[PDB]
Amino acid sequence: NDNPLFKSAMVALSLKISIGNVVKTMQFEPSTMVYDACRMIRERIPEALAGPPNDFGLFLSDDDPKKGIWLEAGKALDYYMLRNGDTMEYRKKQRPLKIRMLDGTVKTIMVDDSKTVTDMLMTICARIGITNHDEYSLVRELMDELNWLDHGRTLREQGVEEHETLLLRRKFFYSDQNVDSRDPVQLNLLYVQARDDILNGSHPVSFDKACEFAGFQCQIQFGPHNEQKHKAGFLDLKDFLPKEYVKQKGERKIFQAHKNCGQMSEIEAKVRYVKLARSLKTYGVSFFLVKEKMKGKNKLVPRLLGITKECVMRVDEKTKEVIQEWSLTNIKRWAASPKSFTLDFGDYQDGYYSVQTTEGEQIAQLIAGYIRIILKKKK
């Protein structure tokens, strides 16, 4: 017997439609627009009626989740180069995104799953009443160049799946930092942030400075120095010094700084800690370890590259001395790749500054972002 349902494989698309655990194979004219394919799916699969019809769309999955894509409603199925036997998921367009708020709690926000990180950031900010979403960014919370997210790309293509909680993070503003001793709650907040940045290496400091900081830290945690209890071996130095500086010889320098605090109060040590951090040219600067080519040396030289609202700075990796600074005004153009980052200063100097780094895109976007702010104040 013959089959009246049969159509040549060349004139129709035979697609498996997946809705949760249900799968039905369905025949489509290949020029069918995605919106109309959803209508025909609602006419054949009862689980397609599980909500308002415009809440659902079509998603092309992939064994590599980073390659899954949402289909656009106005496009024809054959635009997506589908083949007989391919599967498309009939999926809710909005999905929950778990976000750590600025108070440390996690809030689940529904976002358009086809959109970029910037789009979902705007949705988040709209839900919690933030109008200036440009003061914020989303970051991962992995145990690190790995937590950065390109806001012009999607979470999906950057390897962030739906289970992952992201952090809403306020960008650094010097204007956020005005200190005070009458507000101990705020003073503690400023102290914890300055301390954590130094201990975790975000704020690179010299060995001598690291031990002065640790001396105030000792005053704050232990009270005035007491030679009976605060003796050799007492400190767990990993909690008082940046990782690069965790060396026994640091303890005696820390105890000297601690002793020099005398009977200074907890509040006043916090003030001094914050004041010392804010006094450094490295304070507030976003740093990247990059590899420099020195004239007359084959081995590349690691260097700290710092970006701020007004300049780019080269900082010695070991002493943290500021070696060179370029005003953002005197950069002609910049370029980033997955392996390098290069600056062109026009006629301000001969030769480009070109360094090896896997964070070039991060660096480029910081510079462009700060330059955009300077642009927006003049106009």
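Numbers follow the displayed sequence, beginning with 1.
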{"query": "Unresolved deposited residues in the interval that joins residue 143 and residue 144", "finding": "4 to 9"}
{"query": "Mean C-alpha temperature factor, higher of 170-178 and 98-106", "finding": "170-178"}
{"query": "Mean temperature factor over C-alpha atoms, higher-scoring stretch between 315-323 and 66-74", "finding": "315-323"}
{"query": "Most elevated Cα B-factor in the entry, residues 137, 186, 154, 219", "finding": "186"}
{"query": "Per the PDB entry, maximal CA B factor within 81, 205, 294, 211", "finding": "294"}
{"query": "Third assignment of residue 362 from its chain's C-alpha B-factors", "finding": "middle"}
{"query": "Chain-wide C-alpha B factor ranking for residue 150, given as lowest, middle or highest third", "finding": "middle"}
{"query": "CA B-factor placement of residue 57, once the chain's modelled residues are sorted into thirds", "finding": "lowest"}
{"query": "CA B-factor placement of residue 299, once the chain's modelled residues are sorted into thirds", "finding": "highest"}
{"query": "Third of chain Cα B-factors occupied by residue 227", "finding": "highest"}
